[PDB]
Each structure stands twice: as structure tokens, then as C-alpha cells.
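Below is one structure; the comments refer to it alone.
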Amino acid sequence: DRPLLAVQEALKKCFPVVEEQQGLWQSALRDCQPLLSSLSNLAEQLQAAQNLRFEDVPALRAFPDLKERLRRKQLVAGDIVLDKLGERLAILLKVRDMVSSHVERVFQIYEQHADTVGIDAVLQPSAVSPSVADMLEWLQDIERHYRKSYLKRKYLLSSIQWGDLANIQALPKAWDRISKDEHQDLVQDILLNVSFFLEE
Amino acid sequence: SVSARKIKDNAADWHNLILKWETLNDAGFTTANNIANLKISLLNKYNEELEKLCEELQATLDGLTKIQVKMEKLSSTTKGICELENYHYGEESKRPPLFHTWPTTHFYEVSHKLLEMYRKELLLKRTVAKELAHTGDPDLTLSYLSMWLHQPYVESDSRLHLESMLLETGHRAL
Amino acid sequence: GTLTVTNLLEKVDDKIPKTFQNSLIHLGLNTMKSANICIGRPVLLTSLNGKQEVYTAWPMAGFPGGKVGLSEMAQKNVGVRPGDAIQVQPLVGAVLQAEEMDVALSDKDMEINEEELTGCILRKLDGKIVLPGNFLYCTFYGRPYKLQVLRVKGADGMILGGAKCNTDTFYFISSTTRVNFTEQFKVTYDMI
Numbered sequence: 066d067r068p069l070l071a072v073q074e075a076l077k078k079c080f081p082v083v084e085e086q087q088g089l090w091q092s093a094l095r096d097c098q099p100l101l102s103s104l105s106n107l108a109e110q111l112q113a114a115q116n117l118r119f120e121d122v123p124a125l126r127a128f129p130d131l132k133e134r135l136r137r138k139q140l141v142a143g144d145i146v147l148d149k150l151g152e153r154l155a156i157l158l159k160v161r162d163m164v165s166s167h168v169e170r171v172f173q174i175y176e177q178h179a180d181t182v183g184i185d186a187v188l189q190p191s192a193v194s195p196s197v198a199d200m201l202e203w204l205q206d207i208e209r210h211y212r213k214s215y216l217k218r219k220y221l222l223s224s225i226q227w228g229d230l231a232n233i234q235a236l237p238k239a240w241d242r243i244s245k246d247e248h249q250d251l252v253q254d255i256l257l258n259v260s261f262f263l264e265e
Numbered sequence: 017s018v019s020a021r022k023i024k025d026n027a028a029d030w031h032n033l034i035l036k037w038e039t040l041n042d043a044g045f046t047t048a049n050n051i052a053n054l055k056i057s058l059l060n061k084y085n086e087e088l089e090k091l092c093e094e095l096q097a098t099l100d101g102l103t104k105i106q107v108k109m110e111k112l113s114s115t116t117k118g119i120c121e122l123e124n125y126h127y128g129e130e131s132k133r134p135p136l137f138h139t140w141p142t143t144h145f146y147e148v149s150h151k152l153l154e155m156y157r158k159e160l161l162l163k164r165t166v167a168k169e170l171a172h173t174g175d176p177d178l179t180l181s182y183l184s185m186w187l188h189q190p191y192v193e194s195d196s197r198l199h200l201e202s203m204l205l206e207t208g209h210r211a212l
Numbered sequence: 044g045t046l047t048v049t050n051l052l053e054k055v056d057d058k059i060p061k062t063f064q065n066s067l068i069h070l071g072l073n074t075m076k077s078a079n080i081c082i083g084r085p086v087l088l089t090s091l092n093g094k095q096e097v098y099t100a101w102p103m104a105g106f107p108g109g110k111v112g113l114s115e116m117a118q119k120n121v122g123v124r125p126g127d128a129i130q131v132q133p134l135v136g137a138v139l140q141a142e143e144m145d146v147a148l149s150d151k152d153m154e155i156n157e158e159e160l161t162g163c164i165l166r167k168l169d170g171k172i173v174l175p176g177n178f179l180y181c182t183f184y185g186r187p188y189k190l191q192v193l194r195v196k197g198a199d200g201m202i203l204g315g316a317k318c319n320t321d322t323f324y325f326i327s328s329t330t331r332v333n334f335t336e347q348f349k350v351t352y353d354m355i
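Chains as they are written, first to last, in the authors' numbering: chain G, 66 to 265; chain I, 17 to 61, 84 to 212; chain B, 44 to 204, 315 to 336, 347 to 355.
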């Protein structure tokens, strides 16, 4: 019964990798929220600066180069916040690449030994264990969920430009909309289903 | 051991004065944001608490004026000790430095440009405290609060310059 | 001053910005004590290939003597390996601001608009003494960027296209420097 034990010990290796990378993903998104609130405040201040004229307001004619210095300090604070968001995106890309490489390792070792172990052995559940087909389907769903979430957040962070400020003020509603739109608890329910197989 | 001890006192008093400027600026920003929220709650819908909030903003500006007076006398005694060394050592003399490398005229230009920057920034804060309680356009209120917070006459690289004296005095470890 | 080139140290402490890490080279104390190099001032570095680059020193300890510590991006900009030699001289000439600087760029980045590129180049590269034949770096919105520097113009009126002496006047990038880029109704009194 060697190839079925090979597939089972590969799945036993594969699941606690996904537990650590889910913890890294959750810590990165929890860091990502208040920097976006900081960008929304700074875009509001920059639109209030660009709205008016400094040539007709009384008691500001003694300062003849105020607007460029104020705009320079607001822009360098915005560049600091964008650099921190880029570091969080690098954490998310490392999580996605390592999870996908371990999933393709599992499918490679299944495709090697697939002819000796029949359809009947894969399609058989038990009182402590789900079937091998359910676990392979669940791992494929985990990989597709991670890739779709990363590419949506990457396009949202690549549409930030200082010429238009309404989309900068509407960034955190779209960032909450990405988390609201997807499937709610996917990784936790799969791990709670397979934990009795893992601790045996 | 006399002039070098004056550099030891001057760099530490510079760093301490920057720290008290930051503490007084945070207190002033909290009082100004409360003043603007009370004004918009007035106009959207008195003189005792508005007068009290303006008076503690005036006490914050008086503390910043005291810090600027100590800054001016510290730059004046640094100018005096550089001119004292220039008069004492003569014109044609290759002076060895008091620390490893730097001459004292570099300390004079560092203190002069720091004094000029903080002197302009204090005048902008006096104009903001003059004009904050009377205006009605909310874009100009957000602009005045941003001028209090972001300090557009204080440049970033002068902090690098302050740390140059912190590697000319030695309070930070090499 | 003629010490061999090694890489930057792995023990990196936090400096004051994130921006000025690129121009901050690393040195030990006996190099400034011996070669008479002041601290806080830019120094000029000449390689064996004829390239001159100017940077800013910072004297932390825990550094091996007889070596100069450069970053790997500065080593790729100069074009030397760890083990090569370099000449270090302090700038004794007077320096001041400039007026014109022109940017050479490839075709694939002509889609970026010129005005916010000029604003981001002036904001990220401030206080940097520029010379022709050098590749500057800036991180436009998280994306890296490279560009080439052509000729400069002076405040006194002298024109640079040579200037290899420490007494020579060099120019640093500030605001109110105009940047060139390389690769109605009218109703006049005539036509009434």
C-alpha cells in the first residue's frame, strides 16, 4: 500500500504550511488598513490646499512661496505611506508563490503514482478522514483564492496617482469591498475538516 | 577643555530645545483643532470657553517665544566664541581642530541656518493664531491647520545636520 | 585614501530618512584622521575607468581599517568589483546651485508625463551634486527607475558639457532648477 501512503504523507506535509502562510496574510492585511486611512486624510488636505488662491487672502502676502513648501511636505509624507504599502504587498506575493509551489508538488506526486491506485481507493471516505479527492479539490480552491485576491489588490494599488484625488479618497471602501466580496471563511473550515486526519 | 565644553553644552541644548518645540507643537495642534470644531459647531447651529481656548493657545505661543530667545542667545554666544578664537589665533595660522576634523565656522553656519528656519516658522505660527478664530471658509481652516501641523519652513535635511554635531560632540556612540 | 573597495556592512542602523541611504558611504575613523577628510561634506571618488562620483560620508565604528565601504548600487553605478582601487578626495572648491539639467531616457518610458516626473525627480533627489555620465535612482510609486544625465549649466554662466580637480566648481540639484528632456485667436496688428 505504498503509493496511497505516499499521497497521504504528502498531504500531511502540505496542510501546516498553509496554516503559517494564512497567519502571515492576516497580519499583513491588518497592517494595511490604517495607512489607507492616513492617505485619505492627506488627499483631503491636498485638495483643500489646491482649491483656493493665496494671492487674494489677507495677511498672507508677506509669505511669497508658501504653497510649494506646504505641498512638498504633504507629498513627502504621501511617499512614505506608499513605500510602507509596497512592503506589505511584497509579503503577500511571497505567501502566494510558496503556497502554489507546495500545491504543485502534491499534484506532481499524485500524477506519478496514479495508475496503481484506482478510482475506488481515492473515492472512499472513512469515520475520521475525508477522501483524497475532496482534499485535492480543497487545495486547488485555496490556490485560486490566493491568486485572485493578490491580483485584485495589486491592480488597486497600481491605480494610485496624485493627479486625481477622488479615487484616493475612495480607496478604503474598495479595499473593504474586496474582503466582503470573496468567500468568507475558506481556509479555517477546510483545516477544521482535516484536523482529525492530521492529529491521528 | 573650555571651548570644547561649550560645544558639549551647545549640541545637547540644541537637541533638548528641539524636543520641547515638538511637545509644545503637539499641545498647540490639539488646542487649534478643538477651536475649529467649536467654531463649526457654533456656525452650524459662548465667549468664555472660546476666550479660554484662545488664551491657552497664547500661552503655547509664549512658551515658543521663550525657546526662540534661548536659541538666539545660544547662536550669539557661539558667534562670540568663534570670533574670540579667530581674534586669538591670528589671521595666518593653520589651526588644528578641537575634535578630529571640523573647524568652528561650520558650527556657526549650522546654528545660523537653524536659527533662520525656526525664526520664520514662529512668525507663520503667530499669523495662524491671529487668523484662525475669525475665518469662515472651511478650505482655509483646513489649510491653517495643515500649516500648523506640517511646518513648511522647517526642512528635513537640517536634522541630518543636527546629527553631524552629534558626531562632533559624541553623545551618540561611534 | 587609496584603500580597496568592499561592500556595505550588514549591520545597518536606521538613519534619519529612508531617502538618503543611497548616497551615504561607510568609512572608518583612521581614514578621516589620516587623509584629512572632513565629515558631513561630499567627497569625490575617481575609479580606474575614468568615472568620477561624489557622495557623503558617515563615520560609524565596527569597520575594518584599510578599506572603503560602498553600497552595491554605488558599485554597479561605478562599475567595480570588491577588491578594486579608488581615489578619495575632499571637495575644497566652492559649490552652488544650478539652473538647467537635461534628462536622457529610452523610448519605453516616454508614456510617463513630464511634469509629475520632474516633480518626483526634484523631490527625491534634493541636495545631490550631479555630474554627466551618471545613472541616478528614484522609486516612482514603488517602481524603480533609471535615467542618464547630460550637460549642466552654471549660475555664473559657465557651460559644462574635464572637471577632475577638487578645486573645481560643482553643482547640486535643488528646487528652481528647470529640467529639459531629450531622447487660437492671435489677432495681431498685421492681419486686421
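Quick reminder that beta carbons are idealized off the backbone N, C-alpha and C, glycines included.
Quick one: using the 10 Å Cβ neighbour count with 16 as the cut-off for buried, is residue i buried or exposed?
| i | result |
| --- | --- |
| B/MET201 | exposed |
| G/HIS248 | exposed |
| B/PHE334 | exposed |
| G/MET200 | buried |
| B/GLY71 | buried |
| B/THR47 | exposed |
| G/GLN86 | buried |
| G/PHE80 | buried |
May I ask you to report which of helix, strand or coil DSSP gives residue i?
| i | result |
| --- | --- |
| B/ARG124 | coil |
| G/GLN226 | coil |
| B/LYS189 | strand |
| B/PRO85 | strand |
| B/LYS94 | coil |
| I/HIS31 | helix |
| B/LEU139 | strand |
| B/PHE106 | coil |
| residue 309 of chain B | The gap in chain B between 204 and 315 takes in residue 309 of chain B, so it carries no coordinates here. |
| I/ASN85 | helix |
| B/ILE202 | strand |
| I/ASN50 | helix |
| G/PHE119 | coil |
| G/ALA114 | helix |
At least one CB of chain G closer than 8 Å to the CB of residue i: is that the case?
| i | result |
| --- | --- |
| B/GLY185 | yes |
| I/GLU169 | yes |
| B/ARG166 | yes |
Pick from the options: whose alpha carbon is nearest that of residue i?
| i | options | result |
| --- | --- | --- |
| I/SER149 | I/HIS126, I/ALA97, I/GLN106, I/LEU99 | I/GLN106 |
| I/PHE145 | I/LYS22, I/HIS126, I/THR165 | I/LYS22 |
| G/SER260 | G/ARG67, G/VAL72, G/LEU76, G/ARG136 | G/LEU76 |
| B/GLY176 | B/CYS163, B/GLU159, B/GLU96 | B/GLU96 |
| I/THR46 | I/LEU183, I/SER194, I/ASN32 | I/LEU183 |
| B/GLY44 | B/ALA128, B/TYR188, B/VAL146, B/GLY122 | B/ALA128 |
| B/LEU168 | B/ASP150, B/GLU154, B/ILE155, B/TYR188 | B/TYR188 |
| G/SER214 | G/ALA198, G/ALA239, G/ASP66 | G/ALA239 |
| B/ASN79 | I/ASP42, I/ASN53, I/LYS168, I/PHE137 | I/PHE137 |
| B/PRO125 | B/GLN132, B/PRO133, B/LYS110 | B/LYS110 |
| B/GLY108 | B/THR49, B/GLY315, B/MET153 | B/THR49 |
| G/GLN73 | G/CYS97, G/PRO123, G/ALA186 | G/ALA186 |
Residue i CB to nearest chain I CB: under 8 Å?
| i | result |
| --- | --- |
| B/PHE178 | no |
| G/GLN253 | no |
| G/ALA124 | yes |
| B/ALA104 | yes |
| B/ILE68 | no |
| B/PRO60 | yes |
| G/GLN234 | no |
| B/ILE172 | no |
| residue 271 of chain G | For chain G, the structure presents residues 66 to 265; residue 271 of chain G sits outside this window and is missing. |
| B/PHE334 | no |
Is residue i close to chain C, meaning its C-beta is less than 8 Å from at least one C-beta of that chain?
| i | result |
| --- | --- |
| B/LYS110 | In summary, chain C is missing from the structure at hand, where the protein chains are G, I and B. |
Is the beta carbon of residue i less than 8 Å from the beta carbon of residue j?
| i | j | result |
| --- | --- | --- |
| B/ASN65 | B/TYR180 | yes |
| G/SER103 | G/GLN234 | no |
| B/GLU142 | B/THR74 | no |
| I/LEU95 | I/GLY44 | yes |
| B/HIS69 | B/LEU88 | no |
| B/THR320 | B/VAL135 | yes |
| G/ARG161 | G/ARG209 | no |
| G/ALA114 | G/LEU147 | no |
Using a Cβ-Cβ distance under 8 Å, would residue i count as near chain B?
| i | result |
| --- | --- |
| I/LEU205 | yes |
| I/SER184 | no |
| G/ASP148 | yes |
| I/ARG197 | yes |
| I/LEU212 | yes |
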